[PDB]
Amino acid sequence: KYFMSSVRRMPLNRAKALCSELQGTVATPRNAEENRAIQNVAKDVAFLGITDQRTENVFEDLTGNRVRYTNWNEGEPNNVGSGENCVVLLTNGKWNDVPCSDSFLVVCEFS
Amino acid sequence: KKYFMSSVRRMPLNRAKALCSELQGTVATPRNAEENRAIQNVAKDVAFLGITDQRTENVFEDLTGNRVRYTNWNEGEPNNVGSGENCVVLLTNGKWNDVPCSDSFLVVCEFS
Ligand SMILES: CO[C@H]1O[C@H](CO)[C@@H](O)[C@H](O)[C@@H]1O
Ligand SMILES: CO[C@H]1O[C@H](CO)[C@@H](O)[C@H](O)[C@@H]1O
Ligand SMILES: [Ca+2]
Ligand SMILES: [Ca+2]
Ligand SMILES: [Ca+2]
Ligand SMILES: [Ca+2]
Ligand SMILES: [Cl-]
């Protein structure tokens, strides 16, 4: 896997479109090593290819596969506000669930 | 090492540049036959390369204004037809053709 970060912020739909344009997908860390690599390429908070849109509190990657490795920040995921179904990697490498409509950088993953 | 990725949609040069730079890459510029073939492997159809003679006609430079050495022009190219052809594309046989920068083609981005 190769990981690349965008320079501009955008919501999830636009983030998925960007990675897909170059035939990749929004980055999904499968272990601590990949999590660190994605954190490093990202200069600020960035979207990961994980959501619980299909079923609340059931986090899966963009292909529908349930995720095993997770690295939630303390108190997360909390689905606050009117709901948070997308996931971002914080600048400390931990994860926070956020609204898919909000804008963040995007880290794309390619094989 | 360099990694090459191809776009799905066709777009003119300005948009090709914008796409690759969005992910901090550049439009693919083969520096030898190995790279040219690596770009061929990912490009399913005619695709833009990061080379132009926009500064001085017939003097081909990469997008950073650095004169290129390796070239793989198709027979008869570059020919600068019509109102001018200052951009370069990789044909499906791996040879190059100069084309209008405003015309749309797939884009291959380069990262390292
Ligand atoms: C956040 O919701 C969007 O993204 C998820 C994950 O790709 C899809 O399941 C859903 O249909 C929407 O397109
Ligand atoms: C007629 O113009 C087209 O074909 C010639 C080759 O025949 C190319 O040089 C040119 O860039 C165009 O693709
Ligand atoms: Ca949720
Ligand atoms: Ca949250
Ligand atoms: Ca020309
Ligand atoms: Ca030509
Ligand atoms: Cl949401």
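Residues numbered from 1 in each chain as written, not as in the entry; some residues may be left out. Chains lettered and ligands numbered in written order. Heavy atoms only, no water.

As recorded in the entry header, the structure was determined using X-ray crystallography to a resolution of 1.9 Å.

Identification of chain B as MANNOSE-BINDING PROTEIN-C from Rattus rattus is taken from the PDB entry. For this structure, the PDB header gives the title as "MANNOSE-BINDING PROTEIN, SUBTILISIN DIGEST FRAGMENT COMPLEX WITH ALPHA-METHYL-D-MANNOPYRANOSIDE (1.3 M)".

As recorded by the PDB entry, chain A carries the name MANNOSE-BINDING PROTEIN-C and is attributed to Rattus rattus.

## Considering the state of the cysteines
Applying the stated rule across the entire model yields four disulfides over all chains. Through a disulfide, A:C19 is tied to A:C108; the S-S separation comes to 2.0 Å. Measuring handedness by torsion sign, the sulfur bridge of A:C19 and A:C108 sits at about -80° and is left-handed. Taken together, the residues span a long stretch of sequence, with A:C19 in helix α1 (residues 12-21) and A:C108 in strand β7 (residues 105-110) at a distance of 89 residues. Covalent S-S linkage joins B:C87 and B:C101, the inter-sulfur distance amounting to 2.0 Å. Residues B:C87 and B:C101 share a disulfide whose torsion about the S-S bond is about 100°; that sign makes it right-handed. One end of the pair, B:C87, is in strand β5 (residues 87-90); the other, B:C101, is in the loop between β6 (96-99) and β7 (106-111), with 14 residues separating them in the sequence. For B:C87, a relative accessible area of 0% gives the class buried. According to the relative accessible area criterion, B:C101 is partly exposed, its value standing at 22%. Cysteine pairing in chain B follows 1-4, 2-3, where each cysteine in a disulfide is numbered by its order in the sequence. Going through chain A in sequence order and numbering each bonded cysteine, the pairs you get are 1-4, 2-3. (Disulfide = S-S within 2.5 Å. Helix = DSSP H or I, 4+ residues; strand = E, 2+ residues; numbered from the N terminus. Buried < 20%, exposed > 50% of the residue type's maximum accessible area, 1.4 Å probe, protein only.)

## Some thoughts on the pattern of salt bridges
Residues and elements named next belong to chain B. A complete count under the given rule lists nine salt bridges over all chains for this structure. Between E61 and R55 there is a salt bridge; the shortest N-O distance is 2.8 Å. According to the relative accessible area criterion, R55 is exposed, its value standing at 60%. (Salt bridge = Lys/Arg side-chain N within 4 Å of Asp/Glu carboxyl O.)

## Some remarks on the site of ligand 2
All names here are of chain B. Near ligand 2, the surroundings consist of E77, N79, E85, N97 and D98. Between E77 and ligand 2, the recorded distance is 2.6 Å, taken from a side-chain N or O atom to an oxygen atom. In this structure, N79 approaches ligand 2 through a side-chain N or O atom, which is 2.8 Å from an oxygen atom. Protein chains bury 42% of the 330 Å² of accessible surface belonging to ligand 2 in isolation. When its residues are assigned to classes, the shell around ligand 2 shows no nonpolar, two polar and three charged. (Near = heavy atom within 4 Å. Polar contact = N/O pair within 3.5 Å; in protein donor to acceptor, adjacent residues only side chain to side chain. Areas by Shrake-Rupley, 256 points an atom, 1.4 Å probe, with all protein chains shown as cover. Nonpolar A, V, L, I, M, F, W, Y, C, P; charged D, E, K, R; others polar.)

## Quick look at the interface of chain B and chain A
Counting residues at the interface gives 14 residues for chain B, matched by 14 residues for chain A. Where chain B abuts chain A, roughly 1300 Å² becomes buried across the two surfaces, and 68% of that area is made up of carbon and sulfur atoms. When the buried surface of chain B facing chain A is broken down by residue, B:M5, B:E22 and B:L23 rank first, second and third, together holding 45% of it. One salt bridge in this structure joins A:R8 and B:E22, with 3.9 Å as the shortest N-O distance. In this assembly, chain B and chain A are joined by six residue pairs in polar contact. Contributions of two or more residues to the side of chain B that touches chain A are made by β1 (3-6), α1 (13-22) and β7 of chain B. Considered class by class, the residues forming the side of chain B that touches chain A number eight nonpolar, four polar and two charged. (Contact = heavy atoms within 4.5 Å. Buried area = accessible area lost by both parts, 1.4 Å probe.)

## As for the coordination of the calcium ion (ligand 3)
Residue and element names in this part refer to chain A. Note on the calcium ion (ligand 3): its protein donors are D52 (OD), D52 (OD), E56 (OE), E56 (OE), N79 (OD1), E84 (O) and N85 (OD1). The metal-donor distances range over 2.5 to 2.7 Å. Read in sequence order, the donor residues for the calcium ion (ligand 3) give the motif D-x3-E-x22-N-x4-E-N. For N85, a relative accessible area of 16% gives the class buried. (Donors = N, O, S within 2.8 Å, 3.2 Å for Na, K, Ca; no water.)

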